[PDB]
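Presented below, as structure tokens, is a lone chain in the form solved without its partner chain.
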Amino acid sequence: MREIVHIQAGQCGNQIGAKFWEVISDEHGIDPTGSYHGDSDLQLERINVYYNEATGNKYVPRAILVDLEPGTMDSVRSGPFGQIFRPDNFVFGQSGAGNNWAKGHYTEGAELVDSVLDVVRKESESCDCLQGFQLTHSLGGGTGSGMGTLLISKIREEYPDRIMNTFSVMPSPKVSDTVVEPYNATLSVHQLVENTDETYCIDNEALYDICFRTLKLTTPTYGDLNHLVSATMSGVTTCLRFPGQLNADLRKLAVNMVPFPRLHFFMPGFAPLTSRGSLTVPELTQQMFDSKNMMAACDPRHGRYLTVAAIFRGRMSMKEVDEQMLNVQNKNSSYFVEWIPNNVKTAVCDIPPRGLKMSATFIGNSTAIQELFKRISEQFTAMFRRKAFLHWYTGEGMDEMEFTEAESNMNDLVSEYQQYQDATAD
């Protein structure tokens, strides 16, 4: 298991996708022209997981950039690493989707999907041992949510044996008060439950709450939010990009983190929380498991952890980490299911991220994620009950039956989480 093919779709997908490529390039010593200027052999050891090696010793991201809106290409090109991407990997349409999921999934988006698939095919045939795909997208809009889910199902049919992983950004009226977002998000969750192996739930409600209440930034912007996103994304991909004790890969993460095929929605966390411009192992382990440090607006103490993976970065005693992790699990034993023995896995990586000597990254499969799904469901129901703006979807070919189906699948997902939260060992 080696190469990952990355795909970024829509405005959100591309904005967070670009920030990811800027942050991991810096960690691996890769400058904006594709050249390596680092000081450690550990930076190039697993570089092939995300970058292709072109002639002239140039590491080029295995990144495919997609969007129905043409103006996104210009904003990606004008960024610090805008010239590192392969010119033929930009697949952009002529007109947007207007926050309409039906346009992305059935009309404009379906007319541009065969073009993106040709590019995926080329990058996949350039892999000796392809492990899977990574997709960055929002669920609130039309392109990343509608076309993104269509792309997932298309790739799932041609590569049914490879892992499908997404970084899915959940809508919040605190960041975007656009009332059709609960429709787009619900329709997409219905697709995600069936067609992905693992999904990192990055919630704009939690990102806004952290920026406003913890960092104390009165008017947070996409930049303040995306700083938390890029730190999480660097954290959760650490074991894919650096040697470590394990030869970690997307399939071993799935097998050990997902006990039930539908419950593959992860709650990531990060410590310490910092803002742009601006610790001991016991503080790090406490902060990492704190409700204010989660990237999904869910209180972990309201549910139970089915599985957890923690990644510690920097210089610290491995015995210290073992003792402190054992201690958190013992003193907080009622927040772990007792029928999955040894459900907490820890890793330590020597290389820390930029500007921090220590860091901890949390990946939890917790039943408390139902709180996020319930929030979206309540909003979808308020809108759907009054049929507000349904013609915008039905006029594009959608059946009203699809809305009820997405609602029913989402409420069933919530019931499934409650089922394992109430389950006992005996």
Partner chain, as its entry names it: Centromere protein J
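Positions refer to the first chain, counted from 1.
As for the form solved in complex with its partner chain, it is not shown, yet the points below apply to it.
Residue-level question: is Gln191 within 4.5 Å of its partner chain in the entry with it bound, judged on heavy atoms?
Yes, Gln191 sits close enough to its partner chain in the entry with it bound that at least one of its heavy atoms falls within 4.5 Å.
Please run the contact check for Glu402 against its partner chain in the entry with it bound: heavy atoms, 4.5 angstroms, yes or no?
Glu402: yes, in contact with its partner chain in the entry with it bound.
Report yes if any heavy atom of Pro261 sits within 4.5 Å of a heavy atom of its partner chain in the entry with it bound; otherwise report no.
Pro261: yes, in contact with its partner chain in the entry with it bound.
Should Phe336 be counted as a contact of its partner chain in the entry with it bound, where contact means heavy atoms within 4.5 Å?
Judged by the heavy-atom cut-off of 4.5 Å, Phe336 is well away from its partner chain in the entry with it bound.
Heavy atom within 4.5 Å of its partner chain in the entry with it bound: which of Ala368, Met398, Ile47, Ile363 fits that? Just give me the one.
So the residue touching its partner chain in the entry with it bound, by this definition, is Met398.
Scan 93-132 and write down, in order along the chain, each residue with a heavy atom lying within 4.5 Å of its partner chain in the entry with it bound.
Contacts from 93-132: just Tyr106.
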